[PDB]
Each structure stands twice: as C-alpha cells, then as structure tokens.
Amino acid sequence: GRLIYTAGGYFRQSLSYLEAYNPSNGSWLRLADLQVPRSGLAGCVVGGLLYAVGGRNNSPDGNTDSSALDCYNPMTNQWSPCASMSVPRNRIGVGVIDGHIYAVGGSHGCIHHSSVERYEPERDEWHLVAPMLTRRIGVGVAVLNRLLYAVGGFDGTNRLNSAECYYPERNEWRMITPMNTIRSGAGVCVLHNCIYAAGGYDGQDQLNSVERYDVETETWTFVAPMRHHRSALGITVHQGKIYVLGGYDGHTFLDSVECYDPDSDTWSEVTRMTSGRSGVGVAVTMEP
C-alpha cells in the first residue's frame, strides 16, 4: 500500500489512537479513534480494509480483554464492528493467508490460549482451527509461502524461544527450530524468504537483538540489532524494509520508529510517533 497505520496502544492506559505515517514524505495523519480503547491488539489488512483484532482495555473503570474485530475503511475514515471472536485475546498475534485472518493465542484473565481461529471477510464469521502445540501470549505471527508461523511468547509460566508452523491444508501445527533468544512481545514479520523476530522481553531485559529464520535452511541467524531495546513494539514491512514502531524499553514508552534495510544490514531512525506508546497494532494499506 502507501501508509503505515498504527492503532491503539498503551501509555498510562489503553489508547484509541489511529494514525497513519507516510514514508514517502515523513508526514503523520491523525484519523478516526477506535470505538473502544485497546492495547495488546494486532492489526492487519485484507482487501484494502484495516482490521484491529483483540487486545485489552486497561482503563480507570476496570480492565476488559477484547474479543473484538473492528474494521476501518480508509475511503470513509469510519470504523465498523465485525463479528467477535470466540474468546477474548489480549497480547494476540495475527496473520493473513488467502484473504483470511488468523487470530493466534493471547490471554483472557489468567487463561493463556493455545487456541487459534480464522476469520473469513466474505462471510463475517470466525471458525476455530487446530490449536497450537503451546499456549502463547505476546506471540509474534507471520506468513510465508501460505504457511503461518507463531514465534515466541509466554505460556503462563515460561517465556519462550520456541516457534511452530501451521500447514492449512493439513490443519496441523509442527514445531520449527527454536530461536537463539527467548522473546515475549517481539515484533515478527516476513521479508524475502525469512521470518524476522525483533526485540521483545526475555524474562530479565527488553531486547534490541534481531534474528531471522530462513525457511529453506531451518536456521536462525542474528542480524544487526535495533538502536533501541524494546518490547511490545509494532512491526510491518513497507517496500522491502522493516519498520518498528514504539514499544517499552524498561524506562520509557518509545515514540521512536526505526527502519531496517536488509541490503546494508543497518537500522536508522526515520520518524517519531506523535507520542510514546507500546502494544500497538500496525498494518499497511492505501491512503484515506
């Protein structure tokens, strides 16, 4: 598409912000608020529509995990509710295959889900599929060659270096090689033939390291680290480069946005969000 959209997030409380960054000119645009504040959500795009999935509203008047799916139309600048999921999922991971949205893991109160469900926009309906082999919240999810990957997270007791792959035509999950680092709340995306895992929380410290999984070799290799340690960052890919947005570094909620160029193996700061925040949902689509 053309713009990087960041939805929701957390600073002092869950946020309703929707804002769009244009890499071509540096500009930020503030768009229509979410109907309900939420942090720990995921964003994705299908057919030119932005989707905000899951999360939690951490507010003065109580804390509510979200099962919500909401749809944003850039042409109209209006959010609309979509069918809710079977279960609330805070710290969710999402991926898109063949126009279907997969919602992975996340938490509801003290329940850490291994369950997974799939949304079909043409029917506005969610169906459960096979659950993951491991409960995961703060899981990173990405898609490559019509396969879905769940990376890292927290199972309710331990933070994880493990990862697994979902094979849709077999409705089956299989473990892949574990990462070299334990990561909860990492940004996970795909570029070329690799699954990238950036930042996160390893139990003791927020991370700046970044590693990538080559699906052909089945090995993880570290690349250059980000300039800022961060967990609960937003990530996306835009014209062959990785963007990381916000996060928590153990001291500050970051407004920093960094961009990774895989050809030079370098990160640079490219812009700042209008305010620091973690737990945002991010996606890329057309300009409104």
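Residue numbers run from 1 along the displayed sequence.
- Higher mean CA temperature factor between 182-190 and 76-84: 76-84, per the PDB entry.
- Averaged over their C-alpha atoms, the temperature factors of 154-162 and 102-110 are higher for 154-162.
- Among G234, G55, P60, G43, the highest C-alpha B-factor recorded in the PDB entry belongs to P60.
- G276: CA B factor in the middle third of modelled residues in this chain (values from the PDB entry).
- In this PDB entry, the Cα temperature factor of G203 sits in the top third of its chain's modelled residues, the highest group.
- Placement of the Cα temperature factor of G240 within the chain: middle third of the modelled residues, per the deposited record.
- Among the modelled residues of the chain, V223 sits in the middle third by CA temperature factor in this PDB entry.
- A32: CA B factor lies in the middle third for its chain, per the PDB record.
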